[PDB]
Amino acid sequence: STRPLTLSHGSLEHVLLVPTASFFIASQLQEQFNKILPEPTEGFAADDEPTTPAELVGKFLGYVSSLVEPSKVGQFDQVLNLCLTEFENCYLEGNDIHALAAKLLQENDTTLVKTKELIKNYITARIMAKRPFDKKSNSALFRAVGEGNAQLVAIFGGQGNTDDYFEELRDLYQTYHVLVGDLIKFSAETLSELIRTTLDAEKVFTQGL
């Protein structure tokens, strides 16, 4: 037994068949999320408000994932897993979150920042819901490599491609915190230690690292 829960923002909406056993806590989160969400506008052109039902369910996923603690089992965990499963079956037709994001970019009037926010919400939710990416993907490219239909070479850039390289690291830290946060903390600690243990390195790092 389930009851429909409507989460909406102006014209666009999504209905979620919540189990009656956890509908009480889902209605709580619905009320909290609807309070957090900004006021609807024409064309959804303003920032931090969804343009498509996919974005809106993303933001709701995002909000619930913010409250759920990874260490401590909470009441919101079951609602997270439930609305995650709904998002997957409704918008990820077996495909990857990037494939969806890329679909939205060319079809709907979604901006690049809104799209990255959607990816971050989905990926954060996946990790908070104790559902890592342990299953190997069915990516066509890597399927083709296994079968011997494709040969892959990786190339790494260097200096002089962009003047604002640091915003690329900023975007990685924002969007993929739950995937690379530990790499960036490790790399930051390694560099701090190399400055400390290298004789005159601090002289070269005038505003620190």
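We number each residue from 1, following the sequence as shown. These values consider heavy atoms only, across backbone and side chains, with no hydrogens, waters or symmetry-generated copies.
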Do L37 and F33 have side chains that get closer than 4.5 Å, going by heavy atoms?
yes
According to salt bridge (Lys or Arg N to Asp or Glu O under 4.0 Å), who are the partners of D48, at least two apart in sequence or on a separate chain?
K59
How about CG on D164, more than 12 heavy atoms from neighbouring residues, nucleotides or ligands closer than 6.0 Å, or not?
yes
Quick one: which residue pairs count as a salt bridge (charged side-chain N to carboxylate O under 4.0 Å, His left out) with a foot in residues 192-209, not counting sequence neighbours?
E193-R196, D200-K203
So, using side chain to side chain donor-acceptor pair (under 3.5 Å) as the criterion, who are the partners of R131 when residues are at least two apart?
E88
Under a single-linkage definition using a 4.5 Å side-chain heavy-atom cutoff for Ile, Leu, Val, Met, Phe, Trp and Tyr, are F24 and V79 assigned to the same hydrophobic cluster?
yes
Does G74 offer a backbone N or O that forms a donor-acceptor pair with the side chain of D77 under 3.5 Å?
yes
Specify the closest pair of heavy atoms between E13 and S8, including all atoms of both residues, with the distance to one decimal.
CB-CB, 3.6 Å
Sequence neighbours left out, what passes side chain to side chain contact (heavy atoms under 4.5 Å, CB included) with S65? Give chain and number order.
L80, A125, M128
Between the side chain of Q106 and the main-chain N/O of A102, is any donor-acceptor distance below 3.5 Å?
yes
Counting only heavy atoms not in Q75, do more than 12 sit closer than 6.0 Å to its CD atom?
no
Give the cluster check for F205 versus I184: same hydrophobic cluster or not, with ILVMFWY residues linked at side-chain heavy-atom distances below 4.5 Å.
no
Shortest non-hydrogen separation from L29 to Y63 and the atoms involved:
O-CE2, 4.0 Å
Suppose we screen for side chain to side chain contact (heavy atoms under 4.5 Å, CB included). Which residues come up paired with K136, at least two apart in sequence or across chains?
none
Connecting only ILVMFWY residues whose side-chain heavy atoms lie within less than 4.5 Å of each other, what is the rest of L199's hydrophobic cluster?
none
Looking only at non-hydrogen atoms, find the nearest pair between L61 and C83 and report the distance.
CD2-SG, 3.8 Å
Would you say the side chains of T110 and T115 form a donor-acceptor pair under 3.5 Å?
yes
Non-neighbouring partners of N161 that pass side chain to side chain donor-acceptor pair (under 3.5 Å), sequence neighbours left out:
none
Under a 4.5 Å side-chain heavy-atom rule over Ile, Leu, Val, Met, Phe, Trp and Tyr, are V57 and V15 clustered together?
no
Do you know the tightest heavy-atom contact between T124 and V178?
CG2-CG1, 3.8 Å
Suppose we screen for salt bridge (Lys or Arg N to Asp or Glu O under 4.0 Å). Which residues come up paired with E31, at least two apart in sequence or across chains?
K35
If every non-hydrogen atom of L118 is compared with every non-hydrogen atom of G58, which pair is closest and at what distance?
CD2-CA, 3.8 Å
So does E117 pair up with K120, basic N to acidic O under 4.0 Å?
no
Would you give the length of the straight line joining atom CG of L100 to atom CG of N95, rounded to the nearest 0.5 angstrom?
8.5 Å
Are the side chains of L112 and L105 in contact, using a 4.5 Å heavy-atom criterion?
yes
Taken in chain and number order and not counting sequence neighbours, the residues that satisfy side chain to side chain donor-acceptor pair (under 3.5 Å) with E49 are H9
Given the options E86, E55, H14, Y91 meets side-chain hydrogen bond (donor to acceptor under 3.5 Å, both in side chains) only with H14
ILVMFWY cluster, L84 and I119 together (side-chain gap under 4.5 Å):
yes
How far apart are the closest heavy atoms of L12 and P50, and which atoms are they?
CD2-O, 3.7 Å
With the side chain counted from C-beta on, respond yes when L82 and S22 share a heavy-atom pair under 4.5 Å apart, and no when they do not.
no
Show me the pairs that pass ring-ring contact (aromatic ring centres under 6.0 Å, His included) and involve residues 121-163, at least two apart or across chains.
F87-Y122
Sidechain-backbone polar pair: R3 side chain, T20 backbone, donor-acceptor under 3.5 Å
no
Distance col, row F76:CZ vs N81:CG, nearest 0.5 angstrom, shows 14.0 Å
Going by the rule side chain to side chain donor-acceptor pair (under 3.5 Å), which residues pair with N149 if we only count those two or more places apart in sequence or in a different chain?
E147
For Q32, does the CD atom have more than 12 heavy-atom neighbours from other residues, nucleotides or ligands under 6.0 Å away?
yes
Under the salt bridge (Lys or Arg N to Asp or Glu O under 4.0 Å) test, which residues partner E93, sequence neighbours left out?
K103
Do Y165 and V180 belong together in a cluster built from hydrophobic side chains that touch within less than 4.5 Å?
yes
Heavy-atom side-chain proximity of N108 to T51 below 4.5 angstrom:
no
